[PDB]
Structure formats: C-alpha cells, structure tokens
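[1] What follows is a protein structure lacking sequence information:
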DNA sequence: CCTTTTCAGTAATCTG
DNA sequence: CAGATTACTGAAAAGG
C-alpha cells in the first residue's frame, strides 16, 4: 500500500521546511515518489509519497495527518 | 539548510 | 459552440 499528500499538507508537518517550495527542495534532492494529480487546475499539482519521506518525517506527517494505526 | 519572489503552461470555470 | 479569464501549482535563484 502507499499514501500521498499535497505539499501544503506535508510542508505543514513538523520537521518539514515550512514553505511550498521548501518541500520541492527535499523532494528532488531526496527523490520523493510523486503521484501527479489531474482534477486540479494547472495539472502541475502533484502529491508526494509520505511513505517515502524520512522515517522521522513520516511521523510528523502521519501525526500531522492523524493516521498512525 | 531554509525563505521568499518571479515566470509560465495548462486546467477548469463562466458567460452570450 | 465560441471566446475569454481566472486559478492552481511547479521551478529556479540568491542570501543569511
């Protein structure tokens, strides 16, 4: 299985830069997987695999998301 | 390592 | 249908 989120959801997670572009930073540098969205205008909108973010970061996102078990 | 600004394309949306 | 606009991000650069 896997999960995906929009930069605004991740950038809002602790441990994350805190800026839409900041996310793209680690994204290309770390090589985050990305699901290209479509229903969103511009079509440039793409989510990133939270299951691919640093283990520590995942907890920030999973906790920011409130998923966990 | 992070922050912020500008640039550009298309995508969907709205009307007569 | 036709024309037109707005709206949405992504990308890069520079500096502390």
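    Looks like it came in fine. Numbering: from 1, shown residues only, chains lettered A, B, ... in the order given.
[2] Distance check, the closest residue to DNA strand C within chain A against residue A:58.
    When distances are taken as CB to the nearest atom of the strand, chain A reaches nearest to DNA strand C at residue A:42, 2.0 Å away. Quick note: C-beta positions are derived from backbone N, CA and C, even for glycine. Distance, residue A:42 to residue A:58, using CB to CB, to the nearest Å: 27 Å.
[3] now do residue A:34
    Taking CB to CB, one finds residue A:34 at 16 Å from residue A:58.
[4] same check, this time on residue A:6
    Residue A:6 is 16 Å from residue A:58, by CB to CB.
[5] which parts of chain A sit against DNA strand B?
    Applying CB under 7 Å from any atom of the strand, one finds that chain A approaches DNA strand B through A:17-22, A:25-26, A:29, A:38-39, A:41-44.
[6] returning to that earlier point: ok, the residue of chain A closest to DNA strand C - how many residues close by?
    6 (other CB atoms under 10 Å).
[7] in what helix or strand does it lie?
    Assignment of secondary structure by DSSP states H and E places residue A:42 within no helix or strand.
[8] what about residue A:6 and residue A:58, which has more around it?
    Under the neighbour definition other CB under 10 Å, residue A:6 and residue A:58 were set side by side, and residue A:58 has more, 19 against 16.
[9] need the contact list for that one.
    A:50, A:51 (CB atoms under 8 Å, 6 or more residues apart in numbering).
[10] Would you mind finding the longest helix in chain A?
    helix A:55-65 (DSSP state H).
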